[PDB]
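Asks: TSV, C-alpha atoms and all ligand atoms, saved as query-v7.tsv, coming up:
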```tsv
chain	number	residue	atom	x	y	z
A	1	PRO	CA	-16.39	4.32	-21.05
A	2	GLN	CA	-15.21	0.78	-21.42
A	3	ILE	CA	-12.04	0.50	-23.49
A	4	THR	CA	-11.23	-2.86	-25.06
A	5	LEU	CA	-7.61	-3.84	-25.56
A	6	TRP	CA	-7.53	-5.04	-29.14
A	7	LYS	CA	-5.70	-1.82	-29.97
A	8	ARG	CA	-3.52	0.50	-27.87
A	9	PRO	CA	-5.71	2.46	-25.39
A	10	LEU	CA	-4.87	5.91	-26.67
A	11	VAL	CA	-6.71	9.01	-25.49
A	12	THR	CA	-6.47	12.71	-25.96
A	13	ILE	CA	-5.13	14.71	-23.11
A	14	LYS	CA	-4.79	18.38	-22.40
A	15	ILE	CA	-1.69	19.43	-20.48
A	16	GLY	CA	0.02	22.76	-20.27
A	17	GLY	CA	-2.52	24.16	-22.76
A	18	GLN	CA	-1.58	21.60	-25.34
A	19	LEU	CA	-3.44	18.63	-26.77
A	20	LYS	CA	-1.53	15.37	-26.88
A	21	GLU	CA	-2.20	11.71	-27.54
A	22	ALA	CA	-1.31	9.42	-24.60
A	23	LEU	CA	-1.44	5.77	-23.69
A	24	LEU	CA	-3.53	4.61	-20.69
A	25	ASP	CA	-0.82	2.51	-19.05
A	26	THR	CA	-1.59	0.36	-16.02
A	27	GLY	CA	2.03	-0.90	-15.98
A	28	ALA	CA	3.33	2.64	-15.40
A	29	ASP	CA	3.51	3.92	-11.83
A	30	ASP	CA	4.14	7.42	-13.12
A	31	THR	CA	2.86	9.69	-15.92
A	32	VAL	CA	5.61	10.47	-18.42
A	33	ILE	CA	5.24	13.01	-21.22
A	34	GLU	CA	7.56	13.95	-24.08
A	35	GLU	CA	9.54	17.16	-23.88
A	36	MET	CA	7.42	20.24	-23.25
A	37	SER	CA	7.47	23.25	-20.97
A	38	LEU	CA	5.50	23.28	-17.73
A	39	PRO	CA	5.22	26.10	-15.22
A	40	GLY	CA	6.67	26.04	-11.74
A	41	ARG	CA	9.30	24.12	-9.91
A	42	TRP	CA	10.78	20.83	-10.93
A	43	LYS	CA	13.45	18.46	-9.81
A	44	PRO	CA	15.44	15.79	-11.63
A	45	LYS	CA	14.55	12.14	-11.53
A	46	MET	CA	15.55	8.91	-13.21
A	47	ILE	CA	12.86	6.47	-14.26
A	48	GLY	CA	13.27	2.98	-15.43
A	49	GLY	CA	11.46	0.77	-17.90
A	50	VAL	CA	12.15	-2.07	-20.18
A	51	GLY	CA	15.33	-0.83	-21.83
A	52	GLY	CA	17.02	1.02	-18.97
A	53	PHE	CA	16.55	4.50	-17.42
A	54	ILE	CA	15.92	8.00	-18.69
A	55	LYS	CA	16.39	11.29	-16.89
A	56	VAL	CA	13.23	13.37	-16.55
A	57	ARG	CA	12.06	16.57	-14.93
A	58	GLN	CA	9.49	16.01	-12.17
A	59	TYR	CA	6.76	18.63	-11.93
A	60	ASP	CA	4.27	18.33	-9.08
A	61	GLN	CA	0.67	19.57	-8.86
A	62	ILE	CA	0.04	19.64	-12.62
A	63	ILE	CA	-3.51	19.62	-13.88
A	64	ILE	CA	-4.28	17.39	-16.76
A	65	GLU	CA	-7.51	16.61	-18.64
A	66	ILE	CA	-7.70	12.90	-19.65
A	67	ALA	CA	-10.32	11.99	-22.15
A	68	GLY	CA	-12.49	14.73	-20.66
A	69	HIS	CA	-11.78	14.01	-16.97
A	70	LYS	CA	-9.67	16.46	-14.93
A	71	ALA	CA	-6.98	15.20	-12.56
A	72	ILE	CA	-4.00	16.72	-10.71
A	73	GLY	CA	-0.70	15.07	-9.94
A	74	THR	CA	2.96	14.69	-10.71
A	75	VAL	CA	4.06	14.69	-14.32
A	76	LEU	CA	7.48	13.51	-15.48
A	77	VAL	CA	8.87	15.21	-18.60
A	78	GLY	CA	11.62	13.76	-20.73
A	79	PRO	CA	12.63	11.59	-23.66
A	80	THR	CA	9.94	8.93	-23.49
A	81	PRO	CA	9.08	7.26	-26.76
A	82	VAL	CA	5.37	7.42	-25.93
A	83	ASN	CA	3.25	9.77	-23.74
A	84	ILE	CA	2.11	7.56	-20.88
A	85	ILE	CA	-0.70	8.14	-18.36
A	86	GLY	CA	0.30	6.13	-15.33
A	87	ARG	CA	-1.43	4.95	-12.23
A	88	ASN	CA	-0.89	8.21	-10.34
A	89	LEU	CA	-3.43	9.84	-12.63
A	90	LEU	CA	-5.48	6.77	-13.68
A	91	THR	CA	-6.67	6.41	-10.11
A	92	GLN	CA	-7.94	10.01	-10.11
A	93	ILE	CA	-10.21	9.42	-13.11
A	94	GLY	CA	-11.56	6.22	-11.47
A	95	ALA	CA	-9.98	3.82	-13.99
A	96	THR	CA	-10.16	0.11	-13.27
A	97	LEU	CA	-9.17	-3.09	-14.98
A	98	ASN	CA	-12.07	-5.52	-15.32
A	99	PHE	CA	-12.27	-9.13	-16.36
B	1	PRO	CA	-12.62	-8.92	-10.81
B	2	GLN	CA	-12.45	-5.16	-10.81
B	3	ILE	CA	-8.90	-4.01	-10.12
B	4	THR	CA	-8.21	-0.49	-8.94
B	5	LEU	CA	-4.87	1.14	-9.55
B	6	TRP	CA	-3.78	2.53	-6.23
B	7	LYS	CA	-1.27	-0.33	-6.15
B	8	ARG	CA	0.50	-2.08	-9.00
B	9	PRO	CA	-1.90	-4.55	-10.64
B	10	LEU	CA	0.09	-7.65	-9.82
B	11	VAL	CA	-1.42	-11.08	-10.30
B	12	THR	CA	-0.23	-14.64	-10.10
B	13	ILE	CA	0.48	-16.37	-13.36
B	14	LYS	CA	1.29	-20.02	-14.04
B	15	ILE	CA	3.59	-20.99	-16.87
B	16	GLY	CA	5.51	-24.28	-17.17
B	17	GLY	CA	3.94	-25.50	-13.94
B	18	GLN	CA	5.49	-22.57	-12.08
B	19	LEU	CA	3.81	-19.68	-10.30
B	20	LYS	CA	5.18	-16.22	-10.94
B	21	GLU	CA	3.98	-12.68	-10.26
B	22	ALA	CA	3.25	-10.39	-13.21
B	23	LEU	CA	1.91	-6.94	-13.94
B	24	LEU	CA	-1.33	-6.52	-15.90
B	25	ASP	CA	-0.11	-3.91	-18.35
B	26	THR	CA	-2.36	-2.09	-20.76
B	27	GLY	CA	0.63	-0.12	-22.07
B	28	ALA	CA	2.36	-3.28	-23.28
B	29	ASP	CA	1.46	-4.65	-26.67
B	30	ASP	CA	3.01	-8.01	-25.83
B	31	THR	CA	3.71	-10.23	-22.86
B	32	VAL	CA	7.33	-10.26	-21.67
B	33	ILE	CA	8.70	-12.43	-18.87
B	34	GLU	CA	12.03	-12.82	-17.21
B	35	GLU	CA	14.43	-15.55	-18.28
B	36	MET	CA	12.98	-19.04	-18.01
B	37	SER	CA	12.86	-22.19	-20.12
B	38	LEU	CA	10.00	-22.72	-22.49
B	39	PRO	CA	9.45	-25.51	-24.98
B	40	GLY	CA	9.76	-25.36	-28.70
B	41	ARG	CA	11.49	-23.05	-31.15
B	42	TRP	CA	11.79	-19.33	-30.73
B	43	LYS	CA	12.05	-16.38	-33.12
B	44	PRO	CA	13.88	-13.11	-32.61
B	45	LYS	CA	12.15	-9.89	-31.64
B	46	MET	CA	13.19	-6.48	-30.39
B	47	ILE	CA	10.90	-4.54	-28.10
B	48	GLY	CA	11.24	-1.03	-26.83
B	49	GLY	CA	10.14	1.13	-24.04
B	50	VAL	CA	11.09	3.72	-21.75
B	51	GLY	CA	14.92	3.44	-21.80
B	52	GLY	CA	15.40	1.91	-25.19
B	53	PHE	CA	15.19	-1.56	-26.65
B	54	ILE	CA	15.95	-5.12	-25.63
B	55	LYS	CA	16.23	-8.35	-27.56
B	56	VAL	CA	13.88	-11.13	-26.53
B	57	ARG	CA	13.01	-14.68	-27.50
B	58	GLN	CA	9.54	-15.08	-28.98
B	59	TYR	CA	7.74	-18.31	-28.15
B	60	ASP	CA	4.35	-18.85	-29.77
B	61	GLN	CA	1.29	-20.80	-28.57
B	62	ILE	CA	2.47	-21.09	-24.92
B	63	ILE	CA	-0.04	-22.23	-22.28
B	64	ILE	CA	-0.24	-19.64	-19.51
B	65	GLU	CA	-2.79	-19.05	-16.73
B	66	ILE	CA	-3.33	-15.44	-15.67
B	67	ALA	CA	-5.17	-14.72	-12.40
B	68	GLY	CA	-6.99	-18.04	-12.85
B	69	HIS	CA	-7.88	-17.47	-16.51
B	70	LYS	CA	-6.44	-19.74	-19.18
B	71	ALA	CA	-4.68	-18.28	-22.19
B	72	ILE	CA	-2.55	-19.76	-25.01
B	73	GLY	CA	-0.45	-17.31	-26.93
B	74	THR	CA	2.84	-15.62	-27.52
B	75	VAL	CA	5.28	-15.10	-24.70
B	76	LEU	CA	8.46	-13.07	-25.05
B	77	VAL	CA	11.38	-14.07	-22.77
B	78	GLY	CA	14.23	-11.71	-22.00
B	79	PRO	CA	15.88	-9.23	-19.64
B	80	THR	CA	12.72	-7.41	-18.74
B	81	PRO	CA	12.86	-5.89	-15.25
B	82	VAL	CA	9.43	-7.25	-14.36
B	83	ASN	CA	7.05	-9.85	-15.74
B	84	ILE	CA	4.45	-8.08	-17.85
B	85	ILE	CA	1.14	-9.34	-19.21
B	86	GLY	CA	0.44	-7.32	-22.32
B	87	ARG	CA	-2.58	-6.80	-24.52
B	88	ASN	CA	-2.07	-9.97	-26.53
B	89	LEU	CA	-3.07	-12.00	-23.45
B	90	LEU	CA	-5.20	-9.35	-21.66
B	91	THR	CA	-7.61	-9.69	-24.60
B	92	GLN	CA	-7.68	-13.47	-24.13
B	93	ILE	CA	-8.78	-13.11	-20.48
B	94	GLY	CA	-11.47	-10.54	-21.39
B	95	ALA	CA	-9.86	-7.52	-19.80
B	96	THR	CA	-11.07	-3.98	-20.34
B	97	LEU	CA	-10.29	-0.57	-18.93
B	98	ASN	CA	-13.24	1.21	-17.43
B	99	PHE	CA	-13.84	4.72	-16.10
C	1	LIG	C1	5.82	-5.01	-27.59
C	1	LIG	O1	5.54	-5.42	-26.24
C	1	LIG	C2	5.98	-4.53	-25.34
C	1	LIG	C3	6.81	-3.44	-25.61
C	1	LIG	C4	7.18	-2.62	-24.53
C	1	LIG	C5	6.88	-2.91	-23.23
C	1	LIG	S1	7.36	-1.79	-21.97
C	1	LIG	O2	7.48	-2.54	-20.71
C	1	LIG	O3	8.53	-1.03	-22.37
C	1	LIG	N1	6.15	-0.69	-21.73
C	1	LIG	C6	5.80	0.05	-22.92
C	1	LIG	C7	5.32	1.47	-22.61
C	1	LIG	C8	6.46	2.26	-21.97
C	1	LIG	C9	5.00	2.14	-23.95
C	1	LIG	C10	5.06	-1.06	-20.83
C	1	LIG	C11	5.03	-0.18	-19.59
C	1	LIG	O4	3.77	-0.40	-18.93
C	1	LIG	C12	6.16	-0.39	-18.59
C	1	LIG	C13	6.16	-1.77	-17.92
C	1	LIG	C14	7.40	-1.92	-17.04
C	1	LIG	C15	7.26	-1.84	-15.66
C	1	LIG	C16	8.39	-1.83	-14.86
C	1	LIG	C17	9.66	-2.00	-15.44
C	1	LIG	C18	9.77	-2.13	-16.81
C	1	LIG	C19	8.65	-2.08	-17.61
C	1	LIG	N2	6.16	0.68	-17.61
C	1	LIG	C20	6.99	1.71	-17.54
C	1	LIG	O5	7.85	2.01	-18.37
C	1	LIG	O6	6.76	2.45	-16.43
C	1	LIG	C21	7.68	3.50	-16.12
C	1	LIG	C22	6.84	4.74	-15.78
C	1	LIG	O7	6.45	4.62	-14.40
C	1	LIG	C23	7.27	3.64	-13.78
C	1	LIG	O8	6.49	2.44	-13.44
C	1	LIG	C24	7.24	1.30	-13.71
C	1	LIG	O9	7.63	0.62	-12.52
C	1	LIG	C25	8.81	1.32	-12.06
C	1	LIG	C26	9.59	1.44	-13.36
C	1	LIG	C27	8.52	1.71	-14.44
C	1	LIG	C28	8.34	3.21	-14.75
C	1	LIG	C29	6.18	-4.08	-22.93
C	1	LIG	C30	5.81	-4.90	-24.01
C	2	CL	CL	-2.75	-0.26	-31.80
C	3	CL	CL	-10.06	10.85	-25.81
C	4	CL	CL	0.86	12.17	-8.18
C	5	CL	CL	-11.39	3.98	-6.11
C	6	CL	CL	2.43	-1.01	-5.51
C	7	CL	CL	-0.69	-14.08	-28.73
C	8	NA	NA	4.48	22.40	-9.34
C	9	NA	NA	6.07	-22.58	-29.75
```
What is this structure when it is put down as structure tokens?

Replies:
Amino acid sequence: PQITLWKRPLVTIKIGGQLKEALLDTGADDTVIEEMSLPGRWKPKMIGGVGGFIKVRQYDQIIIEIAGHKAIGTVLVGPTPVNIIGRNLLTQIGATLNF
Amino acid sequence: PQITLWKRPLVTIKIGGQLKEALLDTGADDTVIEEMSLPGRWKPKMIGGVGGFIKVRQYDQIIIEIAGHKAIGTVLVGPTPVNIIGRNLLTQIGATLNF
């Protein structure tokens, strides 16, 4: 698809057997999801953004389905105000910015 | 252009006769740049993201060139960690997300 930017570019994702709404976010290096359980190992991380840092759990090798397209990568879990799909997974679904 | 996301989507912007680097950010509703002087009156705004909220100065109808494309619109100025071009100006330069 081609997604215009008049509105927030929200898509449905499937992660950890759950459906969620998430923002396609080219300004995010990393994918950050609100609190949920994920299987396997994790390690703590701090991530920054506009208003300072939050502490998250970093899970590697997580499969996600993004608007129908499967991808695998690192997912950060913690108190983000918005579920964000960052570049680490946008690349895997072949997303580009065009103008 | 078509911009892939393996790297941060940084472009050159020109505002007040000055070149700066900024992130093309589909996850940002608005454009936020680091402290600088802009002409005219400003209005208060609070914006929020990953680690909470910041106060910014809202300047309307500011001339800004983005990757060679001319825009005129609202620019927020404040203690953002990075210059961000949000959807209010991405729409003015014709940007879409494609996959
Ligand atoms: C109303 O208008 C707005 C309101 C909010 C914002 S924002 O900057 O807070 N943000 C909103 C989004 C979280 C819902 C836009 C994001 O694209 C920011 C944009 C952003 C980039 C860098 C620093 C601050 C903000 N990215 C971000 O938080 O990324 C996180 C996740 O991955 C890392 O990549 C980034 O680079 C490393 C740190 C951040 C980490 C911008 C304009
Ligand atoms: Cl919206
Ligand atoms: Cl979707
Ligand atoms: Cl990854
Ligand atoms: Cl590619
Ligand atoms: Cl980079
Ligand atoms: Cl505007
Ligand atoms: Na893992
Ligand atoms: Na003005």

Asks: Select, as a ChimeraX atom specification, those residues of chain A with any atom no more than 6 Å from chain B (distances computed using only C-alpha atoms).

Replies: /A:1-5,25-27,49-54,80,87,91,94-99

Asks: Compute the distance from (3.7, -22.4, -22.8) to each atom, counting all atoms listed in the file, keep the residues with any atom at most 6 Å away, and return them as a list in words; use the coordinates of the file.

Replies: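 Here is the list of nearby residues: residues 62, 63 and 64 of chain B.
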
Asks: Would you compute the distance between CA of residue 35 (chain A) and CA of residue 58 (chain A)? Give it in Å to one decimal.

Replies: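 So the answer is 11.8 Å.
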
Asks: Which protein, DNA or RNA residues have an atom within 7 Å of ligand CL 3 (chain C), counting all atoms listed in the file, as number ranges by chain?

Replies: A: 11-13, 66-68

Asks: Let me know the centre plus edge lengths, in Å and rounded to one decimal, of a box with edges along x, y and z that contains all listed atoms of region 70-89 of chain B and is padded by 4 Å on every side, as lines of an AutoDock Vina configuration file.

Replies:
```
center_x = 4.7
center_y = -12.8
center_z = -20.9
size_x = 30.3
size_y = 21.9
size_z = 21.2
```

Asks: Using atom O7 of ligand LIG 1 (chain C) and CA of residue 46 (chain A) as the two end points, give the distance in Å to one decimal.

Replies: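 Spanning atom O7 of ligand LIG 1 (chain C) to CA of residue 46 (chain A) is a straight-line distance of 10.1 Å.
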
Asks: Counting only C-alpha atoms and all ligand atoms, which protein, DNA or RNA residues come within 7 Å of ligand NA 9 (chain C), given as a ChimeraX atom specification?

Replies: /B:39-42,59-62

Asks: Can those selected residues be exported to a file as an mmCIF file, keeping the file's coordinate frame so that it contains C-alpha atoms?

Replies:
```cif
data_model
loop_
_atom_site.group_PDB
_atom_site.id
_atom_site.type_symbol
_atom_site.label_atom_id
_atom_site.label_comp_id
_atom_site.auth_asym_id
_atom_site.auth_seq_id
_atom_site.Cartn_x
_atom_site.Cartn_y
_atom_site.Cartn_z
ATOM 1 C CA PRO B 39 9.450 -25.510 -24.980
ATOM 2 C CA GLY B 40 9.760 -25.360 -28.700
ATOM 3 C CA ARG B 41 11.490 -23.050 -31.150
ATOM 4 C CA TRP B 42 11.790 -19.330 -30.730
ATOM 5 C CA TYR B 59 7.740 -18.310 -28.150
ATOM 6 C CA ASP B 60 4.350 -18.850 -29.770
ATOM 7 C CA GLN B 61 1.290 -20.800 -28.570
ATOM 8 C CA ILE B 62 2.470 -21.090 -24.920
#
```

Asks: Point out the residue among A:56, A:21, A:33, A:72 with the least atom-to-atom distance to ligand NA 8 (chain C), counting all atoms listed in the file.

Replies: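 Looking at the shortest contact to ligand NA 8 (chain C), the residue is A:72.
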
Asks: Just the number, please: distance in Å from CA of residue 16 (chain A) to CA of residue 57 (chain A), one decimal.

Replies: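 Going from CA of residue 16 (chain A) over to CA of residue 57 (chain A), I get 14.6 Å.
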
Asks: Using only C-alpha atoms and all ligand atoms, which of the listed residues (A:20, A:30, A:14, A:74) sits closest to ligand LIG 1 (chain C)?

Replies: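 Of all the options, A:30 lies closest to ligand LIG 1 (chain C).
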
Asks: Return the single residue from A:65, A:70, A:37, A:76 that is closest to ligand CL 4 (chain C), with distances computed using only C-alpha atoms and all ligand atoms.

Replies: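 Smallest distance to ligand CL 4 (chain C) is found for A:76.
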